[PDB]
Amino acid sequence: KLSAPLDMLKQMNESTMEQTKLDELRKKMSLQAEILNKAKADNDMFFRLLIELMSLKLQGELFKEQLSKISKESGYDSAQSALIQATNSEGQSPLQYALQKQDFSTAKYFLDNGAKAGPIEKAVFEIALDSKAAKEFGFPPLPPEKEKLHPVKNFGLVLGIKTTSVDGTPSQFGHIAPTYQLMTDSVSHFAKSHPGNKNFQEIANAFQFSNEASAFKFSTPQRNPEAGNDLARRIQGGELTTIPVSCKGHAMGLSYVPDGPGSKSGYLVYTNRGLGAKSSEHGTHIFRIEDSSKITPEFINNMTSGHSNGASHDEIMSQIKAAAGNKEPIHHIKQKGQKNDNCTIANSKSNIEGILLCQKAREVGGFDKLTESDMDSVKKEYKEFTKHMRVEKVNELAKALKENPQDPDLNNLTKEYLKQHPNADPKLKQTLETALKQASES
């Protein structure tokens, strides 16, 4: 019956390349482009035409003909030339784009036309494999081996290290379940080492509640209807509640901060530092919620299952705006842009700075009444948290590297950290350099 899925997996594996090989291929085709000395290709035009083409939902053969025309119209010799070289402003190749959108028919046509699967394409594919669209295409469930967080992602996502494991696994894209668990542990560990910090007792309690009630497996919540009933009830009772939120191939940040226990008003804190947000809006947005009853079980079920149910960014975003009465946010926290990552750590963690802001606003009686020193206090506690999380992960990395001094991944993670964070606290650098020295010991 479903041999198309088997065929696509075969193709994806035949077309696999290491990143450096794929970069060579691309660079060599750039040299050939310069020999011909024809006009420069227009990637933005290609993707515009590509996205229009995909929405027509054409059958394979017509699709492939149209794909040839728009490649040429965009300045490429062929569909294959465009497929191997074009990237959009998010840095996605066409194949990455089709997989991120869970458009497996288009992804397979791209493969038929010679598109290559580097480590990033394969990671985005594995994420897209855990979705209703993947099941309906005939794919099986992911093997349970892939449930564990790869060490290159555990350290890579927390510490911000871009690298690839020796086995091909990039540090960038992660499933929701193990990354939400890692956030829940990081927040809880901080809360426990700082019992006088009342804010973080609330935050740890909220993550623990949502982490358990959502019961993600890979990137699909496992008790969809009930979980949203639980979270909505917690919000209705006026308790700080986090809301795991995703769309196709992307995770955002979302939480509800109550005015007080049993209150009906509070704030909805939304974070997106990456795909789908304009660079000017990268960061965290705080909406005033006058009546929490608009944060319904259905809304929350839609938020948590956004990726598995194939919701688009605009569908999720519009529901978030609806729950806030389509009013504009009252505050924006600008936060560093991210690209080529589904932000399972980035958006969840940066959302906490918005939670802390709202906790301060609550206690001084409103956003009206925040002073400059209040908001510098907020930023100071947020940075105290992210410092704690960073220091523990560097110590964990040094420890791991000394107990397995010959592992290529631990060594390369350690080296790449120092290379990519030159301005790192000297105590962090010291800890990792001494670990690297120790490792070179046979």
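Throughout, we count residues from 1 along the sequence that is shown.
- Looking at mean Cα B-factors across 309-317 and 138-146, the upper value is held by 138-146.
- Between 351-359 and 194-202, the higher mean Cα B-factor belongs to 194-202.
- Per the deposited coordinates, the residue with the largest Cα temperature factor out of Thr220, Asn88, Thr371, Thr179 is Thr371.
- Residue-level inspection of the entry shows that, of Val245, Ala115, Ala98, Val364, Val364 has the top Cα B-factor.
- When the modelled residues of the chain are ordered by C-alpha B-factor, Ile84 sits in the middle third.
- When the CA B factors of the chain's modelled residues are split into thirds, the value for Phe46 lands in the middle one.
- Among all modelled residues in this chain, the alpha-carbon of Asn211 has a temperature factor (C-alpha) in the lowest third.
- When all modelled residues of the chain are sorted by CA temperature factor, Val166 is found within the highest third.
- When the modelled residues of the chain are ordered by C-alpha B-factor, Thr414 sits in the highest third.
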